[PDB]
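Worksheet: the structure to be examined is printed underneath.
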Amino acid sequence: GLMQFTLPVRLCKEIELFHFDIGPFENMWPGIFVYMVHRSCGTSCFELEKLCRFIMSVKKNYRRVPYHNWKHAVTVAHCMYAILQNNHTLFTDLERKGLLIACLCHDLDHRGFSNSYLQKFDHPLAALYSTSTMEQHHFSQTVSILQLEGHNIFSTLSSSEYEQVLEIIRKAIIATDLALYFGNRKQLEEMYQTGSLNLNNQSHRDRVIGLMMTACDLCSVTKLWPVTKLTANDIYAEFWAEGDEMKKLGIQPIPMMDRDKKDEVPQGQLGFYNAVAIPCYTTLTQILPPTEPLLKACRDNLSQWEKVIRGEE
Ligand SMILES: CC(C)c1nnc2c(C(=O)NCCc3nc(-c4ccccc4)cn3C)cccn12
Ligand SMILES: [Mg+2]
Ligand SMILES: [Zn+2]
């Protein structure tokens with residue numbers, strides 16, 4: 001009832017900032033997330049015994065892969081917490097509840113392979129889900145864990161609020177398929193610029209929540225340079241393992257995934273900052289002005305990759 005979560009002073013202050021790193025102590029990630037739900041939503045959004053049991057079943061269903069792991073899940077939820085606290089009054093009680101859970105669950109049971117590799121391997125999940133393969137699997141696993149005895153954190157919601165929140169989570173999670181991002185942002189751009197963008201239109205909200213999810217998912221590019229640089233080793237370690245597996249199938253992987261082409265990482269990160277990250281955080285700042293720090297930090301790390309290419313580090 002009267003049981004707050006508190007953090008040490010440095011975390012209490014730094015958790016409010018977009019660039020916050022959740023640190024190397026795994027056993028504090030759960031308390032960090034609960035802290036965020038309580039400040040974002042209220043101490044009464046979720047029955048604490050159910051929330052805790054949900055958090056630990058979710059953790060157990062992330063795998064020990066280099067990048068798409070439990071640490072990524074809590075990183076992406078933290079970024080969503082930063083967005084929600086800097087845009088307090090633009091979001092319903094249900095959106096606040098659904099979106100933090102959506103981020104924690106958004107890569108459940110990820111095996112460290114692209115939708116592409118599932119399809120070329122002919123993995124069962126590719127027959128069951130022809131597009132957004134892993135992301136439909138991630139949502140599926142969220143519903144599984146919600147249905148476990150003592151895990152329904154949404155038990156108090158009305159029959160209809162329950163369906164609305166699971167629909168918020170489904171779209172939120174589908175949106176983390178980067179193939180769907182390019183379309184979603186082009187439309188969000190055109191709607192903002194012609195002035196058609198309207199946040200009372202539910203299909204316009206959907207698109208905005210979609211872009212928030214891509215922002216939160218990419219937030220490793222908005223960290224202090226040494227966090228951004230080291231995280232890149234993790235994500236390339238998956239990409240190269242996939243490359244190896246593509247070669248095992250008799251297929252030349254794209255350069256991104258070919259560990260023979262390590263040399264070209266800086267140029268590839270440049271490409272990705274220009275094609276993906278900068279556009280994302282640009283359009284997000286236009287739509288939601290207080291998210292500007294994500295854009296500014298992204299721009300800083302781009303400049304840090306330009307420096308790497310010029311032999312200046
Ligand atoms: C940490 C998080 C935020 C993160 N980082 N990257 C990503 C990507 C992604 O598409 N990355 C690859 C960028 C890239 N590399 C090459 C390359 C490299 C070496 C040799 C040759 C070509 C090419 N291109 C385009 C997707 C989702 C989250 N990501
Ligand atoms: Mg994913
Ligand atoms: Zn992710």
Side-chain angles (χ1 to χ4, degrees), residues 1-8 11-12 15-16 20 22-23 25-63 69-110 137-174 176 205 209 212-213 216:
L2 297 163
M3 275 186 208
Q4 270 295 240
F5 270 70
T6 56
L7 300 176
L11 275 80
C12 183
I15 198 166
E16 285 319 306
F20 183 59
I22 62 171
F25 303 99
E26 299 207 350
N27 287 156
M28 279 176 82
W29 296 341
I32 279 164
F33 181 79
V34 170
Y35 181 75
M36 292 195 289
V37 165
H38 281 177
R39 273 192 100 267
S40 232
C41 207
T43 50
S44 58
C45 267
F46 298 117
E47 214 247 271
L48 184 50
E49 203 192 331
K50 283 169 192 298
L51 185 52
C52 284
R53 210 160 27 233
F54 184 77
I55 290 167
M56 302 305 289
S57 286
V58 176
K59 170 181 161 81
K60 185 212 279 153
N61 284 288
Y62 281 93
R63 292 178 179 235
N69 55 44
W70 175 234
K71 193 169 188 176
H72 170 67
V74 177
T75 293
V76 169
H78 162 267
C79 186
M80 174 62 70
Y81 163 86
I83 293 170
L84 290 169
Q85 293 291 257
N86 288 282
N87 299 272
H88 179 65
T89 76
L90 277 90
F91 291 110
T92 67
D93 316 59
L94 272 186
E95 283 164 340
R96 279 192 260 97
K97 269 165 172 145
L99 286 174
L100 287 170
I101 297 294
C103 291
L104 193 74
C105 293
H106 87 275
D107 275 320
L108 266 168
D109 191 39
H110 201 289
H137 180 55
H138 302 318
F139 174 64
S140 180
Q141 295 271 286
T142 309
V143 179
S144 293
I145 292 180
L146 271 180
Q147 282 170 162
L148 267 24
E149 265 266 300
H151 287 50
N152 213 281
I153 63 166
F154 297 123
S155 64
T156 78
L157 268 41
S158 97
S159 174
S160 87
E161 286 179 305
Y162 184 95
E163 173 160 29
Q164 285 189 96
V165 88
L166 259 292
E167 191 65 0
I168 284 162
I169 291 163
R170 187 188 58 75
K171 288 174 218 149
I173 291 189
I174 300 308
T176 63
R205 284 187 104 69
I209 292 164
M212 289 162 60
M213 291 297 297
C216 288

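We're numbering straight along the sequence, starting at 1.
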Between [Y] and [X], is there a side-chain heavy-atom distance shorter than 4.5 Å?
{"X": "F91", "Y": "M212", "answer": "yes"}
{"X": "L94", "Y": "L157", "answer": "yes"}
{"X": "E47", "Y": "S155", "answer": "no"}
{"X": "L11", "Y": "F20", "answer": "yes"}
{"X": "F5", "Y": "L48", "answer": "yes"}
{"X": "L108", "Y": "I145", "answer": "yes"}

Of all the heavy-atom pairs spanning [X] and [Y], show the shortest one and how long it is.
{"X": "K50", "Y": "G150", "answer": "CG-O, 3.3 Å"}
{"X": "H78", "Y": "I15", "answer": "NE2-O, 2.7 Å"}
{"X": "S40", "Y": "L84", "answer": "OG-CB, 4.1 Å"}
{"X": "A172", "Y": "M213", "answer": "O-CG, 3.4 Å"}
{"X": "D93", "Y": "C41", "answer": "O-SG, 4.4 Å"}
{"X": "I55", "Y": "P30", "answer": "CG2-CB, 4.0 Å"}

Reported [atom1]-to-[atom2] distance for the pair [X] and [Y], which is rounded to 0.5 angstrom:
{"X": "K97", "Y": "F46", "atom1": "NZ", "atom2": "CZ", "value": "6.5 Å"}
{"X": "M80", "Y": "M36", "atom1": "CE", "atom2": "CE", "value": "11.0 Å"}
{"X": "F54", "Y": "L148", "atom1": "CZ", "atom2": "CG", "value": "10.0 Å"}
{"X": "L100", "Y": "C216", "atom1": "CG", "atom2": "SG", "value": "9.0 Å"}
{"X": "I153", "Y": "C45", "atom1": "CD1", "atom2": "SG", "value": "9.5 Å"}
{"X": "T176", "Y": "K171", "atom1": "OG1", "atom2": "NZ", "value": "15.0 Å"}

*Are any side-chain N or O atoms of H106 and backbone N or O atoms of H138, one a donor and one an acceptor, separated by less than 3.5 Å?*
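Flag not set: sc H106 to bb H138 has no pair under 3.5 Å.
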
*Any sub-3.5 Å donor-acceptor pair from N69's side-chain atoms to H72's backbone N or O?*
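Here the side-chain-to-backbone pair exists.
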
*Residue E163 excluded, over 12 heavy atoms near CD under 6.0 Å*: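 No, not enclosed.
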
Contacts of type side-chain hydrogen bond (donor to acceptor under 3.5 Å, both in side chains), residue [X], not counting sequence neighbours:
{"X": "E95", "answer": "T92, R205"}
{"X": "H38", "answer": "none"}
{"X": "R53", "answer": "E49"}

_For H110 and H137, I'd like to know if the aromatic rings sit close, meaning centre-to-centre distance below 6.0 Å._
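Not close enough - the centres of the two rings lie 6.0 Å or further apart.
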
*Among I101, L166, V165, which one satisfies side-chain contact (heavy atoms from CB on, under 4.5 Å) with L146?*
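Passing option: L166.
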
*Taking the inter-plane angle between the rings of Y62 and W70 on a 0 to 90° scale, is it parallel (under 30°), tilted (30 to 60°) or perpendicular (over 60°)?*
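It falls in the tilted class, 30° to 60°.
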
*Between the side chains of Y35 and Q4, does any donor sit under 3.5 Å from an acceptor?*
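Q4 and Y35 do not have a side-chain donor-acceptor pair below 3.5 Å.
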
